[PDB]
Amino acid sequence: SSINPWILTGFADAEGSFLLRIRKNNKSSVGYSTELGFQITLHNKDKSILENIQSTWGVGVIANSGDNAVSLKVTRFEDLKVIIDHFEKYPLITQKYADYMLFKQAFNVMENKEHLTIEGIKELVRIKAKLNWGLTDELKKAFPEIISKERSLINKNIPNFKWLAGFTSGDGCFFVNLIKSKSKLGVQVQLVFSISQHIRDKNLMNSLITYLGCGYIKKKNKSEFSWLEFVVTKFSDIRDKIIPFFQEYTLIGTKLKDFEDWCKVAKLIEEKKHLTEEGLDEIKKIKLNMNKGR
DNA sequence: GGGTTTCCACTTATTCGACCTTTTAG
DNA sequence: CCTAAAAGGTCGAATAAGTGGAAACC
Ligand SMILES: [Ca+2]
Ligand SMILES: [Ca+2]
Ligand SMILES: [Ca+2]
Ligand SMILES: [Ca+2]
């Protein structure tokens, strides 16, 4: 069905990863082989998005990824030209853009077939050192060196509303909270919209307040890790801003159905049916089919 | 047919999503 | 007193990123 290219780039900001493998290989002339590419891993229920993306781009192979997940991997060298073209025209805007640029530099090394020389393998190692998690211990041991060039700090604005629809389809969440008290009904129904993201993109998440004209930021930490949530819990902002936004700029994948169910609940709250017993049980049943499982 | 690419099965680290209860604000 | 909104978390892998092994090329 062909995905809008900005929907795709938002989705990639939220679900894509680049990869640069530099593998010790006794069968290779320089003792190392490589593999360059881009991949997306989703729950099986979202296999269709990957099928559709594959068809849109015309590249990539789909395979299971463990018990409950499926992946679209693009590593065939010629096919990376499609990836490069797309992200040149519709650039990523999270810190993943830097990983993209690292990926582009490795592609050039290999385009010139330098990866078949030891000096080329060393270049890819330097490029890899700043990519994603960086070098393994093995590579750190075989190519000891000081990485001087620090990572480039991406600072780009939400380019348009479609990017944000694709982004939310990846890392967003539409949730029906059941706040149990002791009232006559003893359950307050609260719609929650949120987007989760690593602290490295706090500026982008922060901007969502101005961009959507509602919501707020929760900072979260656990040991050495830090992440951020853009959250909307105000019903009037759900009704007047959040819902209309995704009614026009469509979500993709199964989260679309979560949003639809979310909306059915929202209409029930707008009719004050969440305050009756019969509406509550309706809301309960709708919640049961949402998000995990479905 | 040797070196290199590309694929498919599966894992590791940890960034997400999804789920809770309480406190506070109207 | 009643209900909505926010605060303040927990849980666990649908996380983001990576790895082992080998078939398919040229
Ligand atoms: Ca993400
Ligand atoms: Ca993913
Ligand atoms: Ca996701
Ligand atoms: Ca729940």
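Below, chain A is the first sequence line, B the second, and so on; all start at residue 1. In what follows, every heavy atom counts, from backbone to side chain, and hydrogens, waters and symmetry copies are set aside.
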- Among the nucleotides C:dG9, B:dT11, B:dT21, whichever has the atom closest to the side chain of A:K220 is C:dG9
- B:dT11 on B:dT12: ring centres under 5.5 Å and planes under 30 degrees? yes
- Task: Sticking with atom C1', work out how far C:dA16 lies from C:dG12, rounded to a whole angstrom.
- Result: 15 Å
- Message: On DNA chain C, does the nearest nucleotide to A:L19 precede the nearest nucleotide to A:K234 from the 5' side, or the other way round? Give the residue.
- Response: A:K234
- With respect to the phosphate group of C:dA16, does any side-chain polar atom (N or O) of A:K96 fall under 4.0 Å of OP1 or OP2? no
- When you check the phosphate oxygens OP1 and OP2 of B:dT14, does a side-chain N or O of A:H198 lie under 4.0 Å from one of them? no
- Query: Do A:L116 and A:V30 come close enough that some side-chain heavy atom pair is under 4.5 Å?
  - Reply: no
- What nucleotide, of C:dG18, C:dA4, C:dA14, holds the atom closest to the side chain of A:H43? C:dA14
- Query: Could one point to a donor on the side chain of A:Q39 or the base of C:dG18 with an acceptor on the other under 3.5 Å away?
  - Reply: yes
- From the options B:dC8, B:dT12, B:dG17, select the nucleotide whose nearest atom is closest to the side chain of A:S196. B:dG17
- Task: Using the P atoms only, state how far B:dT4 lies from B:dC8, rounded to an integer number of Å.
- Result: 23 Å
- Item | Strand partner of B:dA13, provided both Watson-Crick or wobble distances fall under 3.5 Å | none
Under 3.5 Å, which N/O atoms of the protein pair with N/O atoms of nucleotides 23-26 of chain C?
none

- Item | Interatomic distance at P, B:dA13 relative to C:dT10, whole Å | 23 Å
- Distance check: side-chain N/O of A:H274 vs OP1/OP2 of C:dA4, anything under 4.0 Å? yes
- For C:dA5, does OP1 or OP2 lie under 4.0 Å from any side-chain N or O of A:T233? no
- Query: Ring centroid separation for A:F11 and A:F167, is it under 6.0 angstrom?
  - Reply: no
- Query: Counting side-chain heavy atoms from C-beta on, which of B:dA18, C:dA6, C:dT19 comes nearest to A:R21?
  - Reply: C:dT19
- Note on the structure: Checking C:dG8, B:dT4, B:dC16 against the side chain of A:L116 (C-beta onward), the nearest is B:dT4
- Query: Taking NZ, NE, NH1 and NH2 as the nitrogens, is one of them in A:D171 or A:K255 under 4.0 Å from a carboxylate oxygen of the other?
  - Reply: no
- Query: Hey, does the base of C:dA5 sit stacked on C:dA6, as in ring centres below 5.5 Å and plane angle below 30°?
  - Reply: yes
- Message: Just N and O in the side chain of A:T75: are any of them under 4.0 Å from OP1 or OP2 of B:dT6?
- Response: no
- OP1 or OP2 of C:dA16 under 4.0 Å from side-chain N/O of A:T41: no
- Note on the structure: Side-chain atoms of A:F225 come closest, of C:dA4, B:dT14, B:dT4, to B:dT14
- When rounded to the nearest 0.5 angstrom, what is the spacing between OG1 in A:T233 and CD1 in A:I238? 7.5 Å
- Message: If the cut-off is 4.0 Å, is A:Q197 near the phosphate of B:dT15, judged by side-chain N/O to OP1 or OP2?
- Response: no
- Note on the structure: Contacts of A:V232 and A:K73 projected onto DNA chain C by closest heavy atom; the upstream (5') one is A:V232
- Message: I want to confirm an ordering. Mapping A:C173 and A:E78 to their closest nucleotides on DNA chain B, which one lands closer to the 5' end?
- Response: A:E78
- Message: Here's a test of your reading of the structure: between A:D13 and A:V61, which maps to the more 5' nucleotide of DNA chain B?
- Response: A:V61
- State the sugar conformation of C:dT15 as north or south, using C1'-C2'-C3'-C4' as the deciding torsion. north
- Message: Measuring from the side chain of A:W227 (C-beta onward, heavy atoms only), which nucleotide among C:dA17, B:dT15, C:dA14 has the closest atom?
- Response: B:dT15
- Under 4.0 Å between a side-chain N or O of A:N291 and OP1 or OP2 of B:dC19? yes
- Is there a side-chain contact between A:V61 and A:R76, using heavy atoms and a 4.5 Å cut-off? no
- From C:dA6, C:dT3, B:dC20, pick the nucleotide closest to the side chain of A:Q190? C:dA6
- Task: May I ask you to verify if any side-chain N or O of A:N64 is less than 4.0 angstrom from the OP1 or OP2 atom of B:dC8?
- Result: no
